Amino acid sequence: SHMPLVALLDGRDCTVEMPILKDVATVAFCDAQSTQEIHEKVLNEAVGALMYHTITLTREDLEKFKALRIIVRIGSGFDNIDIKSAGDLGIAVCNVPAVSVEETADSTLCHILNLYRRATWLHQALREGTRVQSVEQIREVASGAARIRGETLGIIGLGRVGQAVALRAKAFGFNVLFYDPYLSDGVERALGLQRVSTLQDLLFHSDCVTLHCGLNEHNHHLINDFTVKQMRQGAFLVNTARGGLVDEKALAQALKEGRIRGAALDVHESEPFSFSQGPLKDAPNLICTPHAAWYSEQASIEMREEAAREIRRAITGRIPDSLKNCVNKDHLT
């Protein structure tokens, strides 16, 4: 009569998951931002866990769990989990990779166009009371807005979202390059894209750089004081991937010195983001959104339902064989 315990770590709403797990697991929530806020009962008895991106699990955090057997990220990115240590400790880790692909690609294109077209900045100027009566004043307030056709969009990471961005970018006349050192040769041919071998080549030829790679152990601060200097003078930077990929120190100085004309960021090294704190406090030509590229009403539901099914498959079946999106089978023993 005793069911396994499943805990929603960094959240409180479990409404979507309940119908799928009702007869399978007892569902509790922690609404926690760190391991220090998880009730002892959870650490001891929790067999499964659901979590988003607002809490990190190190080996130290993972070792506090005594019965945990699966973690499911409600989302694609799993950089916030020590995946290797989870496998060493016998904990399967899964993600939801497909739900918000096109939502994120559309958010990225929105930011790209918001830089080339300055719509968001033009709206601000009107909210601030700027009066734009003459054509000379239109040119002035819209200074920086550039023609898109002929421009080169450089994609770092041509996975699910990267490919979706590439196909959308082609519709506007962008010349699309991409850098992805983990794919085999020939993917550029199917999608009619141009490929480059190094990060330096990508930054050197791109008028607008957009990040679409996972954050792994080999690309933290991929955009740093060194690689920022490899970018075109007056280029754009867009990041809907992970904030850990950009050295905000180097980015702030680049915006201030005009080496980078503008930047649009949905993610940041330290989240939540605030224009009153951080290395970007006074950075100009900066657009930001609070890690919302993924969100739609349908997507939010679809990924929670998928994550709930993965939990069910783990409790009901054999780990890791019954799992559809386990991302650490190699490390699991």
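In this text, residue numbers run from 1 along the sequence as written.
The PDB entry records a higher mean C-alpha B factor for 76-84 than for its counterpart among 76-84 and 104-112. Higher mean CA temperature factor between 28-36 and 294-302: 28-36, per the PDB entry. Per the PDB entry, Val132 shows the highest C-alpha temperature factor of the residues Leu237, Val132, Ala119, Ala171. Which of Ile155, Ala164, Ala142, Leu126 has the largest Cα B-factor in the deposited entry comes down to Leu126. When all modelled residues of the chain are sorted by CA temperature factor, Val209 is found within the lowest third. Compared with the other modelled residues of the chain, the Cα B-factor recorded for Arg149 ranks in the lowest third. When the modelled residues of the chain are ordered by C-alpha B-factor, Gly90 sits in the highest third. Per the PDB record, residue ranking by Cα B-factor puts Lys229 in the highest third of the chain. Ranked within its chain, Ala190 lands in the middle third, by CA B factor from the PDB record.
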